[PDB]
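Structure first, commentary second.
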Amino acid sequence: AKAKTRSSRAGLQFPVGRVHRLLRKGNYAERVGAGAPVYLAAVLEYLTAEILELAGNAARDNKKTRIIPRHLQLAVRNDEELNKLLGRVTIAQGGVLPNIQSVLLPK
Amino acid sequence: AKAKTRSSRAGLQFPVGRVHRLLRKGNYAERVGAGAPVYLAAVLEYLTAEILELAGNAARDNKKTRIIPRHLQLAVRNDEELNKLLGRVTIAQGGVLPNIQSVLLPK
Amino acid sequence: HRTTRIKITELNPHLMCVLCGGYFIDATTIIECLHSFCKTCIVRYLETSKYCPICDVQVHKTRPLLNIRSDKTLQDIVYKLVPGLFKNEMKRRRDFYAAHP
Amino acid sequence: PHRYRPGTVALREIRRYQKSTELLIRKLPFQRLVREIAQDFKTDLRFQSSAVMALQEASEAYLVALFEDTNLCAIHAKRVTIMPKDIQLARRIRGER
Amino acid sequence: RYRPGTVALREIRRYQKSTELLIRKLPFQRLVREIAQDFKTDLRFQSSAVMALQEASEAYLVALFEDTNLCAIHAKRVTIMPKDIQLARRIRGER
Amino acid sequence: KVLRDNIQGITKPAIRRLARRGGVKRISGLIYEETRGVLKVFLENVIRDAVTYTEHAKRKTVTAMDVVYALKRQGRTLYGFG
Amino acid sequence: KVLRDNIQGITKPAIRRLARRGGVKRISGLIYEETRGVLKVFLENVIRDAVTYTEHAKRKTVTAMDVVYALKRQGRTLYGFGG
Amino acid sequence: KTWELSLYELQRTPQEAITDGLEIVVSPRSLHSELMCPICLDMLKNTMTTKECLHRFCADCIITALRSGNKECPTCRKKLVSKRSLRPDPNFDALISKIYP
Amino acid sequence: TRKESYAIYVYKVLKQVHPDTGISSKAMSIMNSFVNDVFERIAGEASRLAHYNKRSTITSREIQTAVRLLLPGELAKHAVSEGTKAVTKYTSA
Amino acid sequence: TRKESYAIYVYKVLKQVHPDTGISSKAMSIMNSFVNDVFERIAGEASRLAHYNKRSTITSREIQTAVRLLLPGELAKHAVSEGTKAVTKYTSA
DNA sequence: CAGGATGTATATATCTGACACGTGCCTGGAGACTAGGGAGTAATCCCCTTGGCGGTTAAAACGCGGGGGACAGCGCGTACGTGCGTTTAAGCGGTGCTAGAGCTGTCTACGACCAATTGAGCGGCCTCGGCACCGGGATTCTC
DNA sequence: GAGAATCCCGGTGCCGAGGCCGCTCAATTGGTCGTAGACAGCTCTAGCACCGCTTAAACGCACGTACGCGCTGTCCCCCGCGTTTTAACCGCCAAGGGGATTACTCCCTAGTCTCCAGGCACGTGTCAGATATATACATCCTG
Ligand SMILES: [Zn+2]
Ligand SMILES: [Zn+2]
Ligand SMILES: [Zn+2]
Ligand SMILES: [Zn+2]
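Residue numbers (PDB author numbering), protein chains in the order written: chain C, 12 to 118; chain G, 12 to 118; chain K, 2 to 102; chain A, 38 to 134; chain E, 40 to 134; chain B, 20 to 101; chain F, 20 to 102; chain L, 15 to 115; chain D, 29 to 121; chain H, 29 to 121.
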């Protein structure tokens, strides 16, 4: 019969089959359920979609058509939940958010 | 075949066989070598010996004969390397070190 | 914009409470799916189920009253759209309170 | 009558609570607080005695560490009194805020 | 002639809106090699490895300086002092 | 019932005792309220993780194992309970 | 030739630039030395972990993968170089 | 708490819906305060609702407002972390489409 | 030797959300690192859950619990919803 | 059923170090938790090393490198010495 | 308050090197089928948790006098920001060697797996010594 | 020196720590077999070392000024303590909920085989943007 990808079957862009292989060969468990890779691929796809949407919005604000590490850093650090998820994560070429303590402001 | 335990063969008190079984069933790797459980058991035995020695010294400096979580906490936090190893470790019924900042004391 | 005149029956599906079948009185919205009902209707339904009556989305784990909010904008919207709604509701309120102190 | 100057009894309490090791929060109020907080997640929940004991031990250890950091902040600010600003600074530097 | 503080604020804005590395590449590479000489002799370093080390160093130092500035503000000052850094590291758990 | 208004279970002498064990000589008046808020947040996080573990276990009793696992996830691993 | 006093290559203007990125308005004179010491300690730790990884890898070059792995080990996980 | 029904609300009868075919008239200023975006001061488009306060905005307006300004509501100053604190409201979308096509 | 990465999938997601916006090589590498990190975190949590419950298989329930444990609040809620729809669509085939 | 632990081995080590000193139940639980935590740390480190170098085996070299990575300074040095001595004693006997 | 000086975002023009798209292919993903063990389901035991009741206080709550510390204003002088001329070496670009990263073939020793077995380790029980608590002096700290 | 806190010494009791016994199940021993990787060999690449030119940037120094650091004064707010009250705690009881165990079976995923197409390495045209220059606007400082 015609070969149909599991990603297309589950309506996902992420590689469900590759995720299943990585789970199996990743020494995570003796056995891996059939529905396990689909859920993980969906979660990864949603997280990627959120971060890419925020970074693209930042790029559009900066009048740029290319997502850069600065836009990724702005997207991650301007979101409280994403910042908590990536609290220990350092993004290369991302810089820091513009933030000056009010006491340092001129009086 | 006179059965000789692996712990006695390696001159260790810790359960080399139990460590090997945990290495198989711990889902750490597809296969586990032969010397790895002995090495891990020796490391665990040394750490236990150091901790118990320091705790016994703390207890003898308290004039008691039974190691308690207070003595264990005192030993852990009084050994610099052990404290660094267990920096995020909270020992139940351990208490805190007797110390006061100098500015809080009259002079 | 110009003056608009539209039939009420075309607006009934978006101003009626599913649980009671009537118009939105003291509209309350579950926020996990943004579904609006009458305050009494949703509150009374919530002691027997923790799921949304319409799309079966779990409103809350334990206390569904923690995820319902008063929909003031929609409530004044249904008052403006439905003629006589506010006066009729106040009339029943005063009539009920005219006999019980 | 006899009256101790301020700070002496405070230092004595510091020494006694730093030498001693029992739990400082009351068992029943802490258990009721734990159950009230857990009411939001699941219903008809049960707790083992060891579970609430572990919760109390962890909470007291966390609060003692936070108070040590807060005292360090207060001393750094040339003060002896801890303050909410000190607590907020300690938490923000630790990364909890 | 600008008053003190205005140029400092301008530099703060400029270096907060930019993402380039702030430590000189060759001195940082030489420092990395000197430090690594104590662990293994005749080591080699990938350019990407040195760049990653530098990015981590700048990120850690910027976070430490943010915490130090918060300590200085808490101490009712706008000037950072070494005791601010020491307090920040002690609270973080690095000392 | 509801089990409402129990956060005040932590008393001002209890917070003072914790501060004394922490080496604090003098305590401000709002320290008690701030500590109540911080403890409430900490307990909310830890108990949320523990209840998640229990629910995944298909049980109805929060266990010392669940609490220990939650604390270990939070980076606050606790010894003495298994 | 064993390199010596290369920490002096971490210049005072570079430390000032890092502080400015950190939002610091005024910098004292001892901050430069303190920051040099802190950076030396941090680099010593990270490079020690990376060199240990390289030695286990039976290699004579420290790679970006080893640096990233060491940073992930120390809780300072870094993106952009693989992993 | 704050959800116990009053004596009247214990038994209030449903509002009978107007089933007869009568049309209602609305001026272009009738529902201004209810259908106006607080940001763009125009009619809503791709409506998003904050969970905590039930306040209505256009999607683009609220996204740029959160992305540029502070993480608080433009109307009631209550905090919202990100776009996931809001949900689209197809009911308001349908209402807008039928009222002003 | 081929070095697999999530580059094409992240690009497809980017084309789905922002059709006219491209990406840089550094941004692709950062996103690949993020995907790998989230993958290993979720997989490790699922493995720990299975070990704690004495279960030898990783299931959708374990993945859902791991997602709930790690992602905070609204991110966890939306990720759980998306995983539920994906699993339902995959099994309804 | 049976719940295995390191209580007897910790007691043997305690009798080896301090013949006249005993231990309490809470202290034994503390020691069991410490041994389990260190075991899981070293094993996870060795597993990560083996995956990193595309190796399917955990050997004494992997355990040694894991110990060197985890334990600081003198503790690491003495742990490596003890592990090496045990390994050579095993291969000799 | 205004005018000069300076920094900065806006408006065009270059040209370019990284990015998006076309293509060969090959290795990993998909379809089919088997089997055997993990897990779901049902029944049961009793551990332990929830709930309540009665004293007994230990401890919490409230109030009051006041002393000491937080806060604010003041002054000074020194250390740091700012600017400028000079000197240092970082950055760029090209060259050349080669140590070592990476890939490949072989074959070898090492680890998984299975069977029999037996002894270490765990569950249960019992007793006696260490420690908590009691009270009385004696020393120490404080005011 | 008066008074409160705490250490040192001696009795008493109690309860659980440690030792002993019985069992059982998993660690040992022995053997086989499959393959992970150790080792040797080869390739090619990118890391190191060196050179020279340009100019970005660091160094050193001068100078002013503003801010950190005492210093004082005040006032208000925690501290210490006495009295009241209140509910925590301990002991005991009782019921049953569900955690844990055992047995059965069923169906779901590891495993293998074959087939084929999805993605990866590679190549190339092109345009997004780093750069350059000029200009008008926003900040700032001083007279
Ligand atoms: Zn209704
Ligand atoms: Zn709904
Ligand atoms: Zn709008
Ligand atoms: Zn609002």
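Note that CB positions come from ideal geometry on N, CA and C, so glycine has one too.
Residue burial is scored here from C-beta neighbours: residue 110 of chain A has at least 16 other C-beta atoms within 10 angstroms and is therefore classed as buried. Between the alpha carbons of residue 52 of chain C and residue 27 of chain C lies a distance of about 6 Å. Against chain C, a Cβ distance below 8 Å from residue 119 of chain D picks out 46. Taking a Cβ-Cβ threshold of 8 Å, the residues of chain D close to residue 24 of chain C are 37, 40, 41 and 44, in chain order. Of the other Cβ atoms in all chains shown, 16 or more fall within 10 Å of the Cβ of residue 31 of chain K; this residue is therefore buried. Residue 93 of chain L is bridged by DSSP to L:86. For residue 49 of chain G, no CB of chain A lies under 9 Å from its own CB, so it is not counted at the interface with that chain. Of the heavy atoms belonging to ligand 2, at least one sits nearer than 8 Å to the Cβ of residue 36 of chain K. Interface annotation, residue 67 of chain D: not in contact with chain F, CB-CB separation never under 9 Å. Between the segment 42-59 of chain G and the segment 83-99 of chain H, the count of C-beta pairs closer than 8 Å reaches three or more; the two stretches touch. For residue 36 of chain F, the chain E residues whose C-beta falls within less than 9 Å of its own C-beta are 50, 54, 61 and 62, listed in chain order. It is roughly 10 Å from the alpha-carbon of residue 35 of chain B to the alpha-carbon of residue 44 of chain B.
Under the Cβ criterion (8 Å, minimum of three pairs), the segment 49-65 of chain K counts as touching the segment 76-88 of chain A. At least one heavy atom of ligand 1 lies less than 8 Å from the C-beta of residue 20 of chain K. For residue 30 of chain C, no chain E residue has a C-beta closer than 7 Å to its own C-beta; the minimum C-beta separation is roughly 27 Å. Taking 8 Å as the upper bound for CB-CB distance, residue 83 of chain B and residue 61 of chain B are not in contact here, some 18 Å apart. In the DSSP assignment, residue 57 of chain L forms a beta bridge with L:50. Below the 7 Å Cβ cutoff, chain C contributes 96 as neighbours of residue 99 of chain D, in chain order. Between the alpha carbons of residue 117 of chain G and residue 40 of chain B lies a gap of roughly 19 Å. Take the alpha-carbon of residue 49 of chain A and the one of residue 63 of chain A: they are about 21 Å apart. Within chain G, the residues whose beta carbon sits less than 8 Å from that of residue 101 of chain A are 107, listed in sequence order. The bridge partners DSSP lists for residue 8 of chain K are L:37. In this structure, the beta-carbon distance from residue 84 of chain C to residue 107 of chain C falls below 9 Å. Chain E places a beta carbon closer than 9 Å to that of residue 111 of chain C, counting this residue as a contact. With its beta carbon at least 9 Å from every one in chain B, residue 81 of chain H lies outside the interface. At least one heavy atom of ligand 2 sits closer than 8 Å to the Cβ of residue 56 of chain K.
Restricted to the segment 38-115 of chain D, the alpha helix (DSSP H) segments that are unbroken, complete and at least 4 residues in length are 53-80 and 88-98, listed in chain order. By the neighbour-count definition (other C-beta atoms within 10 Å, threshold 16), residue 71 of chain D is a buried residue. For residue 78 of chain E, there is no enclosing alpha helix (DSSP H), as DSSP marks it with neither H nor E. If the five residues before and after residue 108 of chain D are omitted, its C-beta is found closer than 8 Å to the C-beta atoms of 92, 95 and 96, all from its own chain and listed in chain order.
Collapsing the DSSP output to three states places residue 71 of chain K in a strand. At a Cβ-Cβ threshold of 9 Å, residue 97 of chain C and residue 67 of chain D do not count as neighbours. Residue pairing from DSSP places residue 72 of chain L in a beta bridge opposite L:61. Neighbours of residue 71 of chain A in chain B, taken as residues at a C-beta separation under 8 Å, are given in chain order as 62 and 66. Taking 8 Å as the cut-off, the C-beta of residue 59 of chain L counts as close to a heavy atom of ligand 3. Residue 56 of chain H and residue 59 of chain G have their C-alpha atoms some 11 Å from each other.
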